[PDB]
$ cat entry22.txt   # compact mmCIF, C-alpha atoms and all ligand atoms
# COMPACT_ATOMS: atom_id res chain seq x y z
CA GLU A 237 51.97 -29.41 3.88
CA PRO A 238 51.84 -26.04 2.08
CA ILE A 239 53.67 -25.41 -1.17
CA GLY A 240 54.64 -21.75 -0.77
CA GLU A 241 54.16 -18.95 1.76
CA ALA A 242 53.56 -21.33 4.65
CA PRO A 243 50.99 -19.99 7.17
CA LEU A 244 51.29 -23.00 9.54
CA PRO A 245 47.78 -24.38 8.91
CA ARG A 246 45.79 -26.00 11.72
CA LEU A 247 44.11 -29.37 11.22
CA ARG A 248 41.77 -31.41 13.40
CA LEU A 249 40.25 -34.90 13.44
CA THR A 250 36.86 -35.29 15.13
CA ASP A 251 34.01 -37.78 15.22
CA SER A 252 30.88 -37.57 13.08
CA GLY A 253 29.16 -35.87 16.03
CA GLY A 254 31.88 -33.23 16.38
CA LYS A 255 33.67 -34.77 19.37
CA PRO A 256 37.44 -34.38 18.90
CA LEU A 257 39.41 -37.61 18.60
CA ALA A 258 42.96 -36.63 17.59
CA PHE A 259 45.04 -33.47 17.30
CA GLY A 260 47.73 -32.42 14.87
CA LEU A 261 51.43 -32.54 15.69
CA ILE A 262 54.03 -30.18 14.22
CA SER A 268 54.11 -30.77 7.51
CA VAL A 269 51.42 -31.38 10.13
CA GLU A 270 50.87 -35.08 10.82
CA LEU A 271 48.56 -37.06 13.08
CA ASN A 272 47.59 -40.69 13.69
CA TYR A 273 44.66 -42.43 15.34
CA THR A 274 43.42 -46.00 15.79
CA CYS A 275 39.81 -46.82 16.67
CA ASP A 276 38.50 -50.06 18.18
CA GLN A 277 34.72 -49.55 18.28
CA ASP A 278 32.36 -51.62 16.15
CA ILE A 279 31.40 -48.57 14.05
CA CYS A 280 34.05 -45.88 13.58
CA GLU A 281 33.49 -42.82 11.38
CA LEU A 282 35.95 -39.93 11.02
CA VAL A 283 35.67 -36.32 9.88
CA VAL A 284 38.80 -34.41 8.83
CA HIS A 285 38.88 -30.71 9.75
CA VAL A 286 41.15 -28.18 8.02
CA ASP A 287 41.13 -24.69 9.54
CA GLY A 288 42.69 -21.56 8.08
CA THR A 289 40.93 -18.85 10.07
CA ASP A 290 43.95 -18.31 12.33
CA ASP A 294 45.82 -11.91 4.54
CA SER A 295 47.26 -14.86 2.62
CA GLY A 296 47.91 -15.65 -1.03
CA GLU A 297 45.81 -18.56 -2.34
CA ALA A 298 46.03 -21.98 -0.67
CA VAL A 299 48.65 -24.13 -2.47
CA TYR A 300 47.93 -27.27 -0.45
CA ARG A 301 48.21 -31.02 -0.99
CA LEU A 302 46.42 -33.29 1.49
CA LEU A 303 47.49 -36.93 1.85
CA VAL A 304 45.46 -39.52 3.77
CA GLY A 305 45.52 -43.29 4.01
CA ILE A 306 44.36 -46.31 5.97
CA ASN A 307 46.96 -48.81 7.24
CA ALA A 308 49.60 -46.82 5.31
CA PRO A 309 52.32 -45.69 7.74
CA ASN A 310 54.64 -44.90 4.81
CA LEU A 311 52.48 -42.48 2.77
CA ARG A 312 54.44 -39.59 1.23
CA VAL A 319 46.18 -45.29 -6.71
CA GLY A 320 44.76 -47.83 -4.28
CA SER A 321 41.13 -47.09 -3.44
CA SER A 322 39.14 -44.01 -2.51
CA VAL A 323 38.96 -43.21 1.20
CA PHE A 324 36.82 -40.04 1.21
CA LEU A 325 33.10 -40.09 0.49
CA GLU A 326 32.07 -38.95 -3.00
CA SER A 327 28.82 -37.22 -3.90
CA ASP A 328 26.53 -38.82 -6.47
CA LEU A 329 26.57 -37.48 -10.02
CA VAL A 330 23.22 -36.63 -11.62
CA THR A 331 22.51 -36.23 -15.34
CA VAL A 332 19.74 -33.75 -16.16
CA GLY A 333 17.95 -32.66 -19.32
CA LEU A 334 15.12 -30.26 -20.12
CA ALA A 335 13.11 -29.68 -23.30
CA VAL A 336 10.58 -26.92 -23.99
CA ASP A 337 7.54 -27.71 -26.14
CA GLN A 338 5.35 -24.59 -26.03
CA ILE A 339 4.97 -21.09 -24.60
CA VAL A 340 1.38 -20.81 -23.41
CA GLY A 341 1.33 -17.13 -22.53
CA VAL A 342 3.05 -14.08 -21.08
CA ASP A 343 1.63 -11.70 -18.48
CA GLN A 344 3.03 -8.19 -18.90
CA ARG A 345 1.55 -6.73 -15.69
CA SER A 346 2.48 -9.36 -13.09
CA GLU A 347 5.58 -10.34 -15.12
CA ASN A 348 5.21 -14.10 -15.40
CA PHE A 349 5.04 -16.63 -18.23
CA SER A 350 3.70 -20.16 -18.70
CA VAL A 351 5.67 -22.98 -20.33
CA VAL A 352 5.10 -26.62 -21.32
CA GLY A 353 7.95 -29.09 -21.48
CA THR A 354 9.64 -32.30 -20.38
CA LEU A 355 12.19 -32.98 -17.63
CA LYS A 356 14.41 -36.04 -17.16
CA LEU A 357 16.83 -37.03 -14.39
CA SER A 358 19.10 -40.04 -13.91
CA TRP A 359 21.64 -41.18 -11.33
CA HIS A 360 23.45 -44.29 -10.11
CA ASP A 361 23.17 -45.50 -6.52
CA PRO A 362 24.19 -49.01 -5.39
CA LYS A 363 22.07 -48.71 -2.23
CA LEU A 364 18.92 -48.99 -4.38
CA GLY A 365 19.86 -52.39 -5.80
CA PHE A 366 17.79 -55.52 -5.29
CA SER A 367 17.73 -59.16 -6.38
CA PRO A 368 15.52 -60.45 -9.22
CA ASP A 369 14.85 -63.68 -7.30
CA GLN A 370 12.48 -62.06 -4.79
CA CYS A 371 10.36 -60.43 -7.53
CA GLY A 372 10.86 -62.28 -10.82
CA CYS A 373 11.21 -58.86 -12.43
CA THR A 374 13.90 -56.58 -13.83
CA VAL A 375 12.59 -53.05 -13.13
CA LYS A 376 10.75 -51.58 -10.14
CA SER A 377 7.95 -49.05 -10.49
CA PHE A 378 6.81 -45.96 -8.59
CA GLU A 379 4.07 -44.15 -10.51
CA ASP A 380 2.29 -40.83 -9.97
CA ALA A 381 4.55 -39.95 -7.03
CA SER A 382 7.15 -37.22 -6.65
CA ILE A 383 10.75 -37.89 -5.67
CA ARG A 384 10.13 -36.50 -2.18
CA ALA A 385 7.16 -38.81 -1.57
CA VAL A 386 9.00 -41.92 -2.78
CA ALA A 387 12.07 -41.21 -0.64
CA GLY A 388 10.00 -41.19 2.54
CA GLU A 389 8.32 -44.47 1.61
CA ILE A 390 11.59 -46.39 1.15
CA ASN A 391 13.58 -44.38 3.75
CA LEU A 392 16.42 -43.62 1.32
CA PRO A 393 17.86 -40.23 0.30
CA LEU A 394 16.88 -39.17 -3.22
CA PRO A 395 17.65 -36.11 -5.39
CA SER A 396 14.65 -33.91 -4.65
CA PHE A 397 14.34 -30.83 -6.85
CA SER A 398 12.12 -27.78 -7.28
CA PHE A 399 11.42 -24.93 -9.68
CA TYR A 400 12.98 -21.81 -8.19
CA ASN A 401 10.48 -19.17 -9.35
CA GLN A 402 7.32 -21.29 -9.45
CA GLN A 403 4.02 -19.55 -8.71
CA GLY A 404 1.10 -21.68 -7.60
CA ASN A 405 0.80 -25.38 -8.32
CA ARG A 406 1.95 -27.12 -11.49
CA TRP A 407 0.23 -29.81 -13.53
CA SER A 408 2.50 -32.87 -13.55
CA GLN A 409 1.82 -35.75 -15.94
CA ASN A 410 3.41 -39.15 -16.57
CA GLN A 411 5.48 -39.08 -13.38
CA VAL A 412 7.38 -42.34 -12.95
CA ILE A 413 10.60 -43.71 -11.45
CA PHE A 414 12.21 -47.00 -12.48
CA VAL A 415 15.14 -48.75 -10.80
CA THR A 416 17.30 -51.60 -12.12
CA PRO A 417 18.96 -54.36 -10.04
CA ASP A 418 22.38 -52.81 -10.64
CA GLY A 419 21.26 -49.60 -8.94
CA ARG A 420 20.58 -47.23 -11.82
CA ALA A 421 17.46 -45.09 -11.41
CA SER A 422 15.82 -42.40 -13.52
CA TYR A 423 12.95 -39.92 -13.41
CA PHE A 424 10.54 -38.62 -16.04
CA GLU A 425 7.80 -36.00 -15.91
CA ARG A 426 5.80 -33.67 -18.17
CA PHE A 427 4.91 -30.33 -16.60
CA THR A 428 2.89 -27.16 -17.13
CA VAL A 429 4.23 -24.44 -14.84
CA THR A 430 3.99 -20.67 -14.37
CA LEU A 431 7.24 -18.90 -13.45
CA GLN A 432 7.77 -15.39 -12.11
CA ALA A 433 10.10 -13.21 -14.21
CA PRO A 434 10.67 -9.84 -12.52
CA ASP A 435 13.51 -9.02 -14.96
CA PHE A 436 11.15 -8.05 -17.79
CA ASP A 437 11.90 -4.62 -19.29
CA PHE A 438 9.28 -3.18 -21.66
CA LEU A 439 10.82 0.28 -22.06
CA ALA B 440 -6.38 12.91 -4.71
CA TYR B 441 -5.93 10.69 -7.77
CA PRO B 442 -3.45 10.71 -9.49
CA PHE B 443 -1.40 12.69 -6.92
CA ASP B 444 -2.17 10.30 -4.04
CA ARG B 445 0.34 8.61 -1.74
CA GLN B 446 -0.50 5.33 0.01
CA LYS B 447 0.99 3.05 2.66
CA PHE B 448 1.49 -0.72 2.35
CA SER B 449 1.47 -2.50 5.72
CA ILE B 450 2.61 -6.10 6.26
CA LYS B 451 1.82 -7.33 9.77
CA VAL B 452 3.07 -10.60 11.26
CA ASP B 453 1.42 -11.66 14.53
CA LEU B 454 2.59 -14.28 17.00
CA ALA B 455 -0.09 -16.80 17.95
CA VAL B 456 1.12 -17.33 21.53
CA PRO B 457 0.80 -15.11 24.64
CA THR B 458 3.58 -12.66 25.42
CA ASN B 459 4.58 -14.57 28.57
CA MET B 460 5.79 -17.50 26.41
CA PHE B 461 7.38 -15.97 23.28
CA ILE B 462 8.10 -12.31 22.56
CA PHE B 463 9.70 -10.56 19.59
CA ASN B 464 13.00 -9.07 20.72
CA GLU B 465 15.28 -8.05 17.84
CA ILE B 466 15.14 -7.24 14.13
CA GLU B 467 17.80 -8.63 11.79
CA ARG B 468 18.58 -7.34 8.30
CA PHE B 469 19.73 -10.40 6.35
CA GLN B 470 18.86 -8.77 3.01
CA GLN B 471 17.78 -5.47 1.50
CA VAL B 472 14.24 -4.76 2.68
CA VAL B 473 13.12 -3.51 -0.75
CA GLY B 474 14.83 -5.26 -3.65
CA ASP B 475 15.83 -3.69 -6.95
CA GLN B 476 14.56 -5.14 -10.23
CA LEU B 477 15.28 -4.31 -13.85
CA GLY B 478 12.94 -1.96 -15.67
CA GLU B 479 10.40 0.51 -14.36
CA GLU B 480 7.53 -0.10 -11.95
CA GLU B 481 4.05 1.33 -11.53
CA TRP B 482 4.54 2.08 -7.81
CA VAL B 483 7.85 3.51 -6.58
CA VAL B 484 8.95 3.25 -2.95
CA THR B 485 10.23 6.38 -1.20
CA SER B 486 10.82 5.19 2.38
CA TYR B 487 10.18 2.28 4.73
CA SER B 488 10.25 1.43 8.42
CA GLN B 489 10.05 -1.58 10.74
CA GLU B 490 8.79 -1.69 14.33
CA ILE B 491 7.74 -4.03 17.13
CA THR B 492 4.63 -3.42 19.26
CA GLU B 493 2.17 -5.27 21.50
CA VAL B 494 -1.52 -5.90 20.87
CA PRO B 495 -4.31 -7.47 22.97
CA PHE B 496 -4.99 -11.17 22.60
CA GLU B 497 -8.27 -13.09 22.47
CA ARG B 498 -7.07 -15.22 25.39
CA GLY B 499 -6.09 -12.12 27.34
CA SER B 500 -2.87 -10.29 28.17
CA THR B 501 -1.01 -9.34 24.95
CA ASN B 502 0.95 -10.74 22.01
CA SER B 503 3.75 -9.37 19.84
CA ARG B 504 3.38 -7.83 16.39
CA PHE B 505 5.99 -7.10 13.70
CA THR B 506 5.11 -4.41 11.16
CA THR B 507 6.73 -3.35 7.88
CA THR B 508 5.45 -0.17 6.21
CA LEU B 509 6.29 0.94 2.67
CA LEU B 510 5.46 4.45 1.44
CA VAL B 511 4.65 4.51 -2.27
CA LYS B 512 3.62 6.96 -4.98
CA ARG B 513 2.57 6.81 -8.62
CA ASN B 514 4.44 7.73 -11.82
CA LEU B 515 3.73 11.41 -12.40
CA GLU B 516 5.39 11.74 -15.81
CA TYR B 517 2.91 9.19 -17.18
CA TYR B 518 -0.21 11.17 -16.28
CA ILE B 519 1.18 14.63 -17.07
CA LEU B 520 2.28 13.83 -20.62
CA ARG B 521 -0.49 11.40 -21.60
CA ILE B 522 -3.51 13.28 -20.20
CA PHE B 523 -2.82 16.87 -19.16
CA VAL B 524 -0.72 18.01 -22.14
CA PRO B 525 -3.23 16.82 -24.79
CA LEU B 526 -6.07 18.28 -22.71
CA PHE B 527 -4.43 21.72 -22.71
CA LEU B 528 -4.19 21.84 -26.51
CA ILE B 529 -7.84 20.83 -26.98
CA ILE B 530 -8.96 23.53 -24.53
CA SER B 531 -6.76 26.19 -26.14
CA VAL B 532 -8.37 25.55 -29.54
CA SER B 533 -11.74 26.72 -28.20
CA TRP B 534 -10.07 29.85 -26.80
CA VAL B 535 -8.40 30.92 -30.06
CA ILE B 536 -11.51 30.80 -32.27
CA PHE B 537 -12.81 34.04 -30.74
CA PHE B 538 -10.32 36.05 -32.81
CA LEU B 539 -12.34 35.38 -35.98
CA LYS B 540 -14.68 38.20 -36.99
CA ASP B 541 -17.14 35.86 -38.72
CA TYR B 542 -19.54 33.61 -36.85
CA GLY B 543 -20.75 31.17 -39.51
CA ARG B 544 -17.34 29.50 -39.30
CA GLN B 545 -16.63 30.12 -35.61
CA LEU B 546 -19.88 28.31 -34.77
CA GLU B 547 -19.00 25.23 -36.83
CA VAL B 548 -15.45 25.03 -35.45
CA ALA B 549 -16.76 25.38 -31.89
CA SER B 550 -19.34 22.63 -32.46
CA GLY B 551 -16.73 20.36 -34.04
CA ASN B 552 -14.29 20.78 -31.16
CA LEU B 553 -16.89 19.53 -28.67
CA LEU B 554 -16.88 16.17 -30.47
CA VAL B 555 -13.09 15.92 -30.19
CA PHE B 556 -13.35 16.45 -26.43
CA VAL B 557 -15.82 13.58 -26.03
CA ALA B 558 -13.81 11.26 -28.29
CA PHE B 559 -10.64 11.98 -26.29
CA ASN B 560 -12.46 10.67 -23.20
CA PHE B 561 -12.58 7.17 -24.72
CA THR B 562 -8.81 6.74 -24.93
CA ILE B 563 -8.21 7.59 -21.26
CA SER B 564 -11.18 5.51 -20.11
CA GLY B 565 -8.79 2.80 -18.91
CA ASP B 566 -6.76 5.35 -16.94
CA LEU B 567 -9.90 6.48 -15.08
CA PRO B 568 -10.74 4.09 -12.22
CA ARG B 569 -14.35 2.95 -11.93
CA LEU B 570 -14.89 3.79 -8.28
CA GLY B 571 -18.17 4.91 -6.77
CA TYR B 572 -16.96 8.41 -5.87
CA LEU B 573 -15.40 11.43 -7.57
CA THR B 574 -11.63 11.95 -7.54
CA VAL B 575 -9.51 15.00 -8.36
CA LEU B 576 -9.07 13.95 -12.00
CA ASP B 577 -12.80 13.30 -12.45
CA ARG B 578 -13.73 16.77 -11.19
CA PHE B 579 -11.40 18.54 -13.63
CA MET B 580 -12.80 16.71 -16.66
CA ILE B 581 -16.37 17.69 -15.73
CA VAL B 582 -15.48 21.39 -15.48
CA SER B 583 -13.64 21.34 -18.81
CA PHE B 584 -16.62 19.78 -20.59
CA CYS B 585 -19.02 22.40 -19.25
CA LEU B 586 -16.81 25.30 -20.35
CA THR B 587 -16.36 23.79 -23.82
CA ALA B 588 -20.13 23.31 -24.17
CA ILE B 589 -20.80 26.90 -23.06
CA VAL B 590 -18.59 28.16 -25.91
CA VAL B 591 -21.09 26.67 -28.38
CA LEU B 592 -23.94 28.52 -26.66
CA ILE B 593 -22.14 31.88 -26.81
CA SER B 594 -21.33 31.41 -30.50
CA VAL B 595 -25.02 30.99 -31.36
CA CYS B 596 -25.89 34.21 -29.53
CA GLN B 597 -23.18 36.16 -31.37
CA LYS B 598 -24.36 34.98 -34.80
CA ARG B 599 -27.91 36.13 -34.03
CA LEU B 600 -26.58 39.54 -33.00
CA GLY B 601 -24.63 39.94 -36.24
CA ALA B 602 -27.57 38.93 -38.42
CA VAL B 603 -29.88 41.46 -36.74
CA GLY B 604 -27.47 44.30 -37.46
CA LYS B 605 -25.57 44.88 -34.21
CA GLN B 606 -21.94 43.84 -34.70
CA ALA B 607 -20.18 46.20 -32.27
CA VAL B 608 -21.93 44.47 -29.36
CA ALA B 609 -20.82 41.06 -30.64
CA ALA B 610 -17.25 42.33 -30.98
CA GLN B 611 -17.22 43.45 -27.34
CA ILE B 612 -18.25 39.96 -26.20
CA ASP B 613 -15.16 38.56 -27.92
CA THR B 614 -12.89 40.86 -25.90
CA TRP B 615 -14.51 39.93 -22.58
CA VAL B 616 -14.41 36.18 -23.27
CA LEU B 617 -10.75 36.23 -24.35
CA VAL B 618 -9.85 37.61 -20.90
CA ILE B 619 -12.32 35.90 -18.56
CA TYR B 620 -11.89 32.42 -20.07
CA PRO B 621 -8.21 31.97 -19.05
CA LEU B 622 -9.03 33.48 -15.64
CA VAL B 623 -11.65 30.89 -14.65
CA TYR B 624 -9.26 28.00 -15.29
CA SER B 625 -6.52 29.60 -13.17
CA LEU B 626 -8.94 30.35 -10.33
CA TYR B 627 -10.36 26.82 -10.32
CA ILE B 628 -6.92 25.18 -10.17
CA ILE B 629 -5.99 27.25 -7.11
CA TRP B 630 -9.30 26.32 -5.46
CA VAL B 631 -8.62 22.61 -6.02
CA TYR B 632 -5.12 22.93 -4.56
CA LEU B 633 -6.40 24.60 -1.39
CA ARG B 634 -9.20 22.09 -0.80
CA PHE B 635 -7.42 18.77 -1.30
CA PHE B 636 -3.67 19.35 -0.81
CA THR B 637 -2.82 22.28 1.49
CA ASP B 638 -5.53 21.39 4.01
CA CA A 701 10.77 -5.47 -14.14

$ encode --input "entry22.txt" --output "structure tokens"
Amino acid sequence: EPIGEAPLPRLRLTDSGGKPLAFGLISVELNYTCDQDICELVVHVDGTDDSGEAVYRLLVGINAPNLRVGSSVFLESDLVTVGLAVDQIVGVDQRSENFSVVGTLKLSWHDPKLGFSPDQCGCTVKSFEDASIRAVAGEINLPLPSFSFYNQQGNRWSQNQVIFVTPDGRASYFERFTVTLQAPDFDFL
Amino acid sequence: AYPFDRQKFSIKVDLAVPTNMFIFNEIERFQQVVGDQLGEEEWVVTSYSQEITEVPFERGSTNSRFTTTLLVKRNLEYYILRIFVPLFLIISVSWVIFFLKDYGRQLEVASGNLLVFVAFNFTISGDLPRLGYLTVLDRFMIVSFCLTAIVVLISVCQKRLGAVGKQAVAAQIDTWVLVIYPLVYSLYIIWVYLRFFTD
């Protein structure tokens, strides 16, 4: 329901494949019960049909006819911690406008889908060495936080690449790089 | 026509399938064709165009081609100030020495100024491309050197005339040179403009 300046918003409830499943009823409310073995929902909020801000509060629940803490119902994106350190500046090209840098990059995130059991390995940490995040993700068929350098020119020399995962599900990445980056914003006037 | 030359940069994208399977139909402008970046650039873009045509294929029939052309030109203020302005002052020094009525000092100033002309050629050596053929800039520097070297030859002749005893004849040569010398430079510049620029 809107807070102020109500524009009569339109809401929809479709399947994961876009097939509609339920429609709103005029404080727009709607209900739906699914009986299939696997049942995934997507909530659509449309405002295409000049307005001042949004001022909206959306309430959803499962098996909660009353409504109006509990547990989270919507999917939440993973949170990634990132750090970068610069060790050297190899050179600067003043004609092609690019520079070379040497440094260290570290990533870390938590994902319960990567967990395992120590019984089947007799080990605490898993190892994937000399492989990028993209290559490892294809091997284990799991989504991973692939990254790239935006203004990279040519290939880069990567050293000490490694990923380690713990039984809880915490993973991290480490790499030492030597890269050349294009910088067209140089001004030598 | 260096450094007053204008070039064209052509970027051609060719489909690798015959025109009866896939054909280029429309051009979309999702972004500015030529982006703007901070600072100055060596080559500036004046205009651009995009077009779709058809070209023969190695299989046979035809295939589609997408072409982007950029028209570019150099930075004229760089070459005018760095090369032509210093060259004018060096040349004008050899012209003004003919006002002196002595020739033991005119000869030594004329000889000394030839060395400055050669030394000035070292600084702009980077700005002269090392191609296998003569350009407009190369031709002008050759003419200027020959005229500067001829001044040394005339000065020697005048000194011999004064030592013998004839000074009125040497004084008349000064008047003729002071007029003809600026005329040859003006005539040559017009000749260069007619040959290379206005057809
Ligand atoms: Ca720049």

$ residues_around --input "entry22.txt" --residues "range 404-409 of chain A" --least-positions-apart "6" --cutoff "8 Å" --atoms "all atoms listed in the file" --output "PDB file with C-alpha atoms, keeping the file's coordinate frame"
ATOM      1  CA  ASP A 380       2.290 -40.830  -9.970  1.00  0.00           C
ATOM      2  CA  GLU A 425       7.800 -36.000 -15.910  1.00  0.00           C
ATOM      3  CA  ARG A 426       5.800 -33.670 -18.170  1.00  0.00           C
ATOM      4  CA  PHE A 427       4.910 -30.330 -16.600  1.00  0.00           C
ATOM      5  CA  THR A 428       2.890 -27.160 -17.130  1.00  0.00           C
ATOM      6  CA  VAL A 429       4.230 -24.440 -14.840  1.00  0.00           C
ATOM      7  CA  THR A 430       3.990 -20.670 -14.370  1.00  0.00           C
TER       8      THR A 430
END

$ residues_near_ligand --input "entry22.txt" --ligand "ligand CA 701 (chain A)" --cutoff "7 Å" --atoms "only C-alpha atoms and all ligand atoms" --output "NGL selection string"
(:A and (434-437)) or (:B and (476-480))

$ closest_residue --input "entry22.txt" --among "A:413, A:269, A:433, A:298" --to "chain B" --atoms "only C-alpha atoms"
A:433

$ atom_distance --input "entry22.txt" --atom1 "CA of residue 529 in chain B" --atom2 "CA of residue 547 in chain B"
15.5 Å

$ atom_distance --input "entry22.txt" --atom1 "CA of residue 535 in chain B" --atom2 "CA of residue 614 in chain B"
11.7 Å

$ atom_distance --input "entry22.txt" --atom1 "CA of residue 585 in chain B" --atom2 "CA of residue 566 in chain B"
21.1 Å

$ closest_residue --input "entry22.txt" --among "B:545, B:524, B:511, B:474" --to "chain A" --atoms "all atoms listed in the file"
B:474
